[PDB]
Every structure is written in structure tokens, then in C-alpha cells.
$ cat input.pdb   # PDB, C-alpha atoms and all ligand atoms
MODEL        1
ATOM      1  CA  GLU A 583      41.872 -39.219  40.262
ATOM      2  CA  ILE A 584      40.914 -38.686  36.622
ATOM      3  CA  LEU A 585      38.460 -35.829  36.093
ATOM      4  CA  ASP A 586      36.713 -34.707  32.914
ATOM      5  CA  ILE A 587      36.554 -30.981  32.160
ATOM      6  CA  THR A 588      33.624 -29.749  30.086
ATOM      7  CA  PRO A 589      32.967 -26.041  29.424
ATOM      8  CA  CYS A 590      29.750 -24.909  31.050
ATOM      9  CA  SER A 591      26.718 -24.012  28.975
ATOM     10  CA  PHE A 592      27.002 -20.995  26.693
ATOM     11  CA  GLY A 593      24.925 -19.959  23.723
ATOM     12  CA  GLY A 594      23.318 -17.207  21.745
ATOM     13  CA  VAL A 595      20.478 -15.029  22.988
ATOM     14  CA  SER A 596      17.575 -14.142  20.703
ATOM     15  CA  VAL A 597      14.883 -11.542  21.373
ATOM     16  CA  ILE A 598      11.462 -12.454  19.995
ATOM     17  CA  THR A 599       9.457  -9.260  19.735
ATOM     18  CA  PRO A 600       6.574  -7.817  17.714
ATOM     19  CA  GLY A 601       7.075  -4.384  16.209
ATOM     20  CA  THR A 602       7.387  -1.518  18.658
ATOM     21  CA  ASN A 603       4.190   0.127  17.404
ATOM     22  CA  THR A 604       2.356  -3.050  18.430
ATOM     23  CA  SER A 605       3.725  -3.608  21.943
ATOM     24  CA  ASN A 606       6.848  -3.435  24.105
ATOM     25  CA  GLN A 607       6.553  -6.981  25.476
ATOM     26  CA  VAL A 608       9.423  -9.276  24.489
ATOM     27  CA  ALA A 609      10.501 -12.882  24.970
ATOM     28  CA  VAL A 610      14.049 -14.222  25.269
ATOM     29  CA  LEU A 611      15.409 -17.465  23.806
ATOM     30  CA  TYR A 612      18.647 -19.001  25.097
ATOM     31  CA  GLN A 613      19.977 -21.359  22.437
ATOM     32  CA  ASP A 614      20.946 -24.926  23.428
ATOM     33  CA  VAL A 615      20.595 -24.501  27.204
ATOM     34  CA  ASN A 616      18.866 -26.200  30.101
ATOM     35  CA  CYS A 617      16.014 -24.052  31.325
ATOM     36  CA  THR A 618      17.397 -24.800  34.810
ATOM     37  CA  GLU A 619      20.678 -22.935  34.171
ATOM     38  CA  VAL A 620      19.285 -19.623  32.859
ATOM     39  CA  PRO A 621      19.542 -17.616  36.106
TER      40      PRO A 621
ATOM     41  CA  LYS B 825      21.224 -44.610   4.171
ATOM     42  CA  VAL B 826      22.475 -41.164   5.248
ATOM     43  CA  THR B 827      23.762 -41.416   8.826
ATOM     44  CA  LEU B 828      26.704 -39.379  10.116
ATOM     45  CA  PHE B 855      33.073 -25.956  22.489
ATOM     46  CA  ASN B 856      34.722 -22.893  20.932
ATOM     47  CA  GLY B 857      31.740 -20.850  19.761
ATOM     48  CA  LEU B 858      30.307 -23.448  17.381
ATOM     49  CA  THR B 859      26.527 -23.778  17.482
ATOM     50  CA  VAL B 860      24.141 -25.900  15.411
ATOM     51  CA  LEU B 861      20.712 -24.327  14.904
ATOM     52  CA  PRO B 862      17.802 -26.741  14.394
ATOM     53  CA  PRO B 863      15.925 -26.344  11.099
ATOM     54  CA  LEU B 864      12.637 -24.468  11.090
ATOM     55  CA  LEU B 865      10.831 -27.468   9.574
ATOM     56  CA  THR B 866      11.315 -30.798  11.320
ATOM     57  CA  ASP B 867      11.653 -34.042   9.393
ATOM     58  CA  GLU B 868       8.065 -34.892  10.349
ATOM     59  CA  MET B 869       6.719 -31.684   8.796
ATOM     60  CA  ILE B 870       8.732 -32.261   5.618
ATOM     61  CA  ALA B 871       7.292 -35.780   5.483
ATOM     62  CA  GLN B 872       3.791 -34.338   5.920
TER      63      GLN B 872
HETATM   64  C1  LIG C   1       3.020   1.498  13.513
HETATM   65  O1  LIG C   1       1.616   1.446  13.591
HETATM   66  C2  LIG C   1       0.918   2.634  13.357
HETATM   67  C3  LIG C   1      -0.537   2.369  13.662
HETATM   68  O2  LIG C   1      -1.092   1.481  12.706
HETATM   69  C4  LIG C   1       1.144   3.075  11.919
HETATM   70  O3  LIG C   1       0.459   4.261  11.593
HETATM   71  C5  LIG C   1       2.631   3.349  11.773
HETATM   72  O4  LIG C   1       2.932   3.748  10.448
HETATM   73  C6  LIG C   1       3.437   2.098  12.152
HETATM   74  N1  LIG C   1       4.844   2.424  12.132
HETATM   75  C7  LIG C   1       5.726   1.869  11.290
HETATM   76  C8  LIG C   1       7.146   2.366  11.420
HETATM   77  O5  LIG C   1       5.423   1.023  10.459
HETATM   78  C1  LIG C   2      18.768 -30.386  31.834
HETATM   79  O1  LIG C   2      19.551 -30.503  33.008
HETATM   80  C2  LIG C   2      19.265 -31.666  33.755
HETATM   81  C3  LIG C   2      19.886 -31.532  35.126
HETATM   82  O2  LIG C   2      21.127 -32.185  35.129
HETATM   83  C4  LIG C   2      19.801 -32.836  32.937
HETATM   84  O3  LIG C   2      19.476 -34.067  33.530
HETATM   85  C5  LIG C   2      19.160 -32.805  31.551
HETATM   86  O4  LIG C   2      19.689 -33.826  30.743
HETATM   87  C6  LIG C   2      19.264 -31.445  30.830
HETATM   88  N1  LIG C   2      18.413 -31.509  29.681
HETATM   89  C7  LIG C   2      18.753 -32.143  28.542
HETATM   90  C8  LIG C   2      17.705 -32.111  27.471
HETATM   91  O5  LIG C   2      19.817 -32.710  28.353
ENDMDL
END
$ encode --input "input.pdb" --output "C-alpha cells"
Amino acid sequence: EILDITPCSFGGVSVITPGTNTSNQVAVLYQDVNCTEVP
Amino acid sequence: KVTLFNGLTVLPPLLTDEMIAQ
């Protein structure tokens, strides 16, 4: 049986954050990825 | 007219074509 091999999702991680004197809360962006495959 | 893995990644532009048109 013929099977196709595709590498699973990988991509850069970016941290969106206001300056530390403003707040410590951050957000994370996973480039070019299903939101369903993050965990 | 203009129509045309191993760590490669293509980042989308900050301004979409719609915003440039606007
Ligand atoms: C961060 O904010 C405080 C409060 O406004 C300010 O005094 C301080 O200079 C800021 N720190 C930096 C590194 O800009
Ligand atoms: C996200 O994953 C789902 C689950 O397979 C897939 O159908 C979908 O195409 C992915 N999203 C995009 C934008 O391709």
C-alpha cells in the first residue's frame, strides 16, 4: 500500500507582551499551526 | 498578471492586500 509521509506541524513561537513595568501578562503565537494541535 | 519542510517559513505581511487597496 502506498502511503504519503508529511512532517507534522512545526513552527516558530512568538511572545506578545507589553513592557514589564506595565504588566506580566503575555500571549503566545504559534506560527502556521492548527489551534487544535497546540497541546 | 502576477501569479506564481526543512525549517522554511513564510510570514504573512502586516498589511493585507485589502488594506493596501484601501
Ligand atoms: C516603567 O514605568 C515606570 C512608571 O511609569 C517608569 O518610571 C520607568 O522608568 C519605566 N521603566 C523603563 C525601563 O522604561
Ligand atoms: C485545522 O485542522 C483541521 C483538522 O484536520 C483541518 O481540517 C483544517 O484544515 C486545519 N486548518 C486549516 C486552516 O487548514
$ closest_residue --input "input.pdb" --among "A:610, A:590, A:605, A:599" --to "ligand LIG 2 (chain C)" --atoms "only C-alpha atoms and all ligand atoms"
A:590
$ residues_near_ligand --input "input.pdb" --ligand "ligand LIG 2 (chain C)" --cutoff "8 Å" --atoms "all atoms listed in the file" --output "PyMOL selection string"
chain A and resi 615-619
$ closest_residue --input "input.pdb" --among "B:870, B:858, B:864, B:826" --to "chain A" --atoms "all atoms listed in the file"
B:858
$ closest_atom_pairs --input "input.pdb" --of "chain B" --to "chain A" --cutoff "8 Å" --atoms "all atoms listed in the file" --output "CSV"
residue,atom,partner,partner_atom,distance
B:855,CA,A:589,CA,6.9
B:857,CA,A:593,CA,7.9
B:859,CA,A:593,CA,7.5
$ atom_distance --input "input.pdb" --atom1 "atom CA of residue 606 of chain A" --atom2 "atom CA of residue 861 of chain B"
26.7 Å
$ resolve_selection --input "input.pdb" --expression "the PyMOL selection byres (((not hetatm)) within 8 of (chain C and resi 1))" --output "PDB file with C-alpha atoms, keeping the file's coordinate frame"
ATOM      1  CA  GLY A 601       7.075  -4.384  16.209  1.00  0.00           C
ATOM      2  CA  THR A 602       7.387  -1.518  18.658  1.00  0.00           C
ATOM      3  CA  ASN A 603       4.190   0.127  17.404  1.00  0.00           C
ATOM      4  CA  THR A 604       2.356  -3.050  18.430  1.00  0.00           C
TER       5      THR A 604
END
$ atom_distance --input "input.pdb" --atom1 "atom CA of residue 586 of chain A" --atom2 "atom CA of residue 611 of chain A"
28.9 Å
